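Can you keep this structure in mind? I'll have questions shortly.
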Amino acid sequence: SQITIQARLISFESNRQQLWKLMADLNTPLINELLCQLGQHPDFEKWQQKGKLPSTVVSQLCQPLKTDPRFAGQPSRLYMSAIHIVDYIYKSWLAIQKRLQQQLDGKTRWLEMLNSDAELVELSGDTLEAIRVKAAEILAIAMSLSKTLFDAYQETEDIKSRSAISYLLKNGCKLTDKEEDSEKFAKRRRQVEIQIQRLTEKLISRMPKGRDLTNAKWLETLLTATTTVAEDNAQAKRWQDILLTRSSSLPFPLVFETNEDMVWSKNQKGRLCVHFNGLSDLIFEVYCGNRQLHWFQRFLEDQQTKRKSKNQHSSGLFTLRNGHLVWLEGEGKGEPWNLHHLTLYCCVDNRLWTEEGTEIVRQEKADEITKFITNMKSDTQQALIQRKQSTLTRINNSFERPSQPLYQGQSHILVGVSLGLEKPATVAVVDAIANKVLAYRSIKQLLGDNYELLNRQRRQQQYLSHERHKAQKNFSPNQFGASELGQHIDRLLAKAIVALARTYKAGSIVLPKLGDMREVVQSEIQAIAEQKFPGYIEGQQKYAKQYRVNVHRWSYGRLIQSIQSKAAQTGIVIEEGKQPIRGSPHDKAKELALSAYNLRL
Amino acid sequence: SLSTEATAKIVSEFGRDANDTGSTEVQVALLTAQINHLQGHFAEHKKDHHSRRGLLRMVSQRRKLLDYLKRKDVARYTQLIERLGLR
RNA sequence: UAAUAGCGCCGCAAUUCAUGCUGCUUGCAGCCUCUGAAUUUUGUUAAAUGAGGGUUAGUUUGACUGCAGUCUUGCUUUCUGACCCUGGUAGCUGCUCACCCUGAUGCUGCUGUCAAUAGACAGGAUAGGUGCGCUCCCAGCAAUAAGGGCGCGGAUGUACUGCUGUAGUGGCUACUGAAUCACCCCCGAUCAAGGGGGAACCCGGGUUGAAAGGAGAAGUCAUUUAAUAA
């Protein structure tokens, strides 16, 4: 449901320079608090096993750095911004590492389980029919299915008769009469080996890096490498890998996770202003287009409404949720605080705009807070329960807000969206009780006046990829791509799909479980290419470049998110299902929506 | 790259003879002269990517020539390191 | 002179139905006048797409209250228009070349005039090949993909752009030339700022192109250029 809106902040130099000095000084303990985990912390491998960072460890590394002679000059809210960012860095990276570990194991199982029909006969000492009969018994026992069969191979080895359980699993949890081609099986088993290899490589990841602004390592390395002689090829390359590294120009943003830690006001000139907790001397002026101003007026109205009411209304329902203050990169020459541009990005929960939507968040938080208090039931823990119960009481007192009746769709009408390489979207609206398609749309309809933009995107990707190649050979800085055009097209389709869902009173939009299509294609094309260029690895990589590149450029996750966002701002439910391997783009969309309807029970 | 006079000057000082057109002493010294003129520009023009390619090549050649000389004759190697101010 | 072919787009033409068009049998009959899918065809002063590089806190996509009245902000992006340029000297720096053959995701390709030296001057995005483009093709060059041939000197314990060299082509910093616009014209402000004067049309007020947004951090991938190494 959340959105991010933005404004540039304007102030006189003294204020934009003082804030830069604090952020160039704050950017450094964001580096030192990474290193205090990256190599200093002894428990680190226990966290990599569990997949989660302990909720207090970054604060317990930061608390003694608050008096460090290098870091002591900063407000209490700038240290909380440091702790926030470093918590979110590790809390992300450990959660990436854990899903990779789980995938590697979850296929190391399957590379053991996957056997040819002849190997099952040898391993069982029995007929492939005896295996078909035992596979029929195992389905009769089971009737969670695929997991239950995996568990019944992980348990219940059963005098190697788990051979028949692998026979079900390789057949997609079904009986098969046909006996398989050993060349097709060799390609299949090789794809798993490739996925296993690729996972054992990706299992090791570069320990998350800090944004060093100082150039000190680079300058020290330059004067070392030019005046001294390396003792090894490894040392001479270690200096090369440092000297090639581009250094950052921007400090990490400030994060203000409490909405009240931004204070709003109106300037004499009638313009809006803002100030931050601990920087309450530095008034900043808001500059934003009238297409976004209504939120910045709402910020000040939410604040005035609470202050006019003796704090009896809660910022648990303030339209602003959190702010990220960032320096966007400028152009040309000048001091960093005169060259770059302070920009304030406000997280906003869009459903807090209206009274009917605010009531949803009131019920959502009142249920979550009630459960929290009953799960809790020590000294400061009682003070925390005072924060919570003052919220649980205050959240019932309403802000005066715009009214708009909630959208309601028919529980039987669904929009199916089918994504692919040639057709980025294609739509079928199904009445699932009639089994009747109400409408279909192809791309030429689904973004209408804008259909020239798909042809533009394909021209621009091809044109600009060649210009980047020509530019790199000359060391030109000019490096451009179609990324913002692809982002616009994915947003045009997201608006049109939801406008169509509203038009037909659909209860939900259905999006495919595409999963990691990029890795799957990379393994399939490799297992095939190894049969056509054996030993010539450069020829294996050249086999289907344009197909592999087009799959790595395929924006399916960004279109899926663009539709999710616009649907949840409108109130339409999102649902999911398996996308058919065969059929036209329409048939894919039709069967996808009907499948998601069948999954209701 | 060096002026004509500057090459002639360097080769006449590190060369064992005026006809010593390409001994390791000469080559390493010339590379050292280039590198000493390129670090003064590359420390200032930090955006000049095309010159970092030139520097990293030119340092890596110097090291190969020195490793070859070290095994060939340690006395020539020691004198050359002294005369070029390297460590 | 040449560019025949291949590949990707753009419509144009059918042919086959529907997500469309007439009925009531709310699912059939019927056709292609539209709006759309699929195949196949085409290159016709057909039609439609059409990447030389740049320019505005531009306009419209906005909020609230019963389609009328108030308030309005200049954020981040995608197009369509319009206008401007096809650059100047002052240093620093990378790469490339004894000389040859093959010729690469190699460079170059417009109009007019003077020279017919390789370059100036004046026009300009129609700018080699086709309806429009390419890593494809044609023409010239090719040292700056790569491989091979090979001359004289230095080194020769494996190192050797390491010699035969003043030009070619880039990179970066400082100053500077034009547009600094959204119907034109003029005076200004760019961490802010607006104001003044007209042309045209509609029925003294408007009009004088539209459209989108959930943002940050970190790891990872794919190709694509450089460097190092066996």
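Run the simple label-point estimate for A:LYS174 and A:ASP367 please: 7 Å along Cα→C-beta, distance reported in nm.
Those two pseudo-labels are separated by 3.8 nm.
How would you order A:205-215, A:558-568 from highest to lowest mean count of nearby Cβ atoms within 10 Å? Each step should come with its number before you reach the end.
On the way: A:205-215: 13.4, A:558-568: 19.3.
Result, highest mean Cβ count within 10 Å first: A:558-568, A:205-215.
Once you place label points 7 Å from the Cα toward the Cβ at B:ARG53 and B:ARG87, how far apart are they in nm?
3.3 nm
While we're here: Which translational diffusion coefficient, to the nearest whole µm²/s, is obtained for the range B:38-86 from the Stokes-Einstein equation, given a Kirkwood hydrodynamic radius over C-alpha pairs, 10 °C and 1.306 mPa s?
Values: Rh = 12.4 Å.
The calculation lands on 128 µm²/s.
Let me ask something else. Test of understanding: extend the Cα→C-beta vector of A:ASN598 to 7 Å, then name every residue of the range A:411-440 with backbone N under 15 Å from that spot.
A:432-433, A:435-436
Roughly how compact is the range A:403-453, stated as its Cα Rg over 2.2 N^0.38 Å to two decimals? The partial results should precede the final answer.
Values: Rg = 14.1 Å, N = 51, 2.2 N^0.38 = 9.8 Å.
Relative to the 2.2 N^0.38 Å estimate, the range A:403-453 comes out at 1.43.
Would you mind estimating how fast chain A diffuses translationally, via Stokes-Einstein at 25 °C and 0.890 mPa s with the Kirkwood radius over Cα pairs, in µm²/s?
Values: Rh = 29.5 Å.
Rounded, D is 83 µm²/s.
Relative contact order for chain B: what percent, with Cα pairs under 8 Å and sequence separation of 6 or more?
25 percent
On to the next question. Determine the equivalent ellipsoid of chain B by diagonalising the alpha-carbon gyration tensor, then write out the semi-axes as square roots of 5 times the eigenvalues, largest first, rounded to whole Å. Write out the running numbers ahead of the final one.
Numbers: eigenvalues 117, 50, 21 Å².
Ellipsoid semi-axes (Å, largest first): 24, 16, 10.
While we're on this one: Could you pull out the pairs from A:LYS174/A:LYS588; A:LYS66/A:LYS371; A:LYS147/A:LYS532 whose alpha carbons sit more than 31 Å apart here?
Working: A:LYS174/A:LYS588 23 Å; A:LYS66/A:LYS371 35 Å; A:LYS147/A:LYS532 36 Å.
Flagged as over cut-off: A:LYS66/A:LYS371; A:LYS147/A:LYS532.
Follow-up question, since we're still on this one. Collect residues whose amide H, placed 1.01 Å from N in the peptide plane, falls under 5 Å from the amide H of A:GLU576; neighbours closer than 5 in sequence don't count.
A:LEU511
Label A:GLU355 and A:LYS436 with points 7 Å out from Cα along Cα→Cβ: what is the distance between them in nm?
Label at A:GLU355, label at A:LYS436, 3.9 nm between them.
Same structure, new question: Could you give the length gained on full extension between A:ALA383 and A:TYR536, defined as 0.36 nm per residue of separation minus the Cα-Cα distance, in nm? Provide the component values of the computation, followed by the final result.
Details: separation 153, 0.36 × 153 = 55.08 nm, distance 6.85 nm.
Full extension of this stretch gives 48.2 nm more.
Using each residue's phi in the range A:588-596, evaluate 6.51 cos²θ - 1.76 cosθ + 1.60 at θ = phi - 60° and report the 3J(HN,Hα) Karplus result to the nearest Hz, with x for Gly and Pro.
4, 4, 4, 5, 4, 4, 4, 4, 5
May I ask you to evaluate 6.51 cos²θ - 1.76 cosθ + 1.60, the Karplus curve with θ = phi - 60°, for each residue of the range A:207-212 and list the ³J(HN,Hα) values in order in whole Hz, giving x for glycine and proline?
4, x, 8, x, 7, 5
Sticking with this one: Magnitude of the Cβ-charge dipole of the range A:254-351, K/R +1 and D/E -1, about the Cα centre, nearest 20 debye?
Values: 12 positive and 11 negative charges, 119 e Å.
Dipole about the Cα centre, nearest 20: 560 debye.
A further question follows. Please state, to two decimals, what the Cα-based radius of gyration of the range A:320-449 comes to when divided by 2.2 N^0.38 Å (N = residues).
Numbers: Rg = 24.2 Å, N = 130, 2.2 N^0.38 = 14.0 Å.
Taking N as the residue count of the range A:320-449, the ratio is 1.73.
Quick check: net charge around A:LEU244, other residues with Cβ under 12 Å of its Cβ, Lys/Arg +1 and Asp/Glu -1? Walk me through the numbers before you get to the answer.
Values: positive: A:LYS237, A:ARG238, A:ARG246, B:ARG52, B:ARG53; negative: A:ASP241.
Once all neighbours under 12 Å are counted, the net charge is +4.
What are the ³J(HN,Hα) couplings of the range A:322-335, residue after residue, when phi is run through the Karplus curve with 6.51, -1.76, 1.60 and θ = phi - 60°? Round to Hz, x for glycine and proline.
3J(HN,Hα) across the range A:322-335, in whole Hz: 7, x, 10, 9, 9, 8, 6, 5, x, 10, x, 10, x, 4.
Efficiency by 1/(1 + (r/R0)^6): what FRET value for A:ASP151 and A:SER59, r their Cβ-Cβ distance, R0 = 41 Å, to the nearest 0.05?
0.50
Assuming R0 = 45 Å, can you tell me the calculated FRET efficiency for the pair A:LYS91 and B:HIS37, based on Cβ-Cβ distance, to the nearest 0.05? Please list the in-between numbers first.
Numbers: r = 49 Å, r/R0 = 1.09.
Between A:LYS91 and B:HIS37 the formula returns 0.35.
While we're on this one: Can you give the Rg/Rh ratio of the range A:479-539, where Rg is from the C-alpha atoms and Rh is the Kirkwood radius?
Values: Rg = 19.7 Å, Rh = 15.8 Å.
When Rh is taken as the Kirkwood radius, the ratio is 1.25.
How large is the Rg to Rh ratio of the range A:113-154 when both quantities use alpha carbon positions and Rh follows Kirkwood? List each step's numbers first, then the result.
On the way: Rg = 11.2 Å, Rh = 11.2 Å.
Radius of gyration over Kirkwood radius for the range A:113-154 works out to 1.00.
Any read-out appearing in this document is the output of simple, stated calculations on the displayed coordinates, not a laboratory observation. For neighbour counting, all protein chains shown are included, and Cβ atoms are generated from backbone atoms with ideal geometry for every residue, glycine included.
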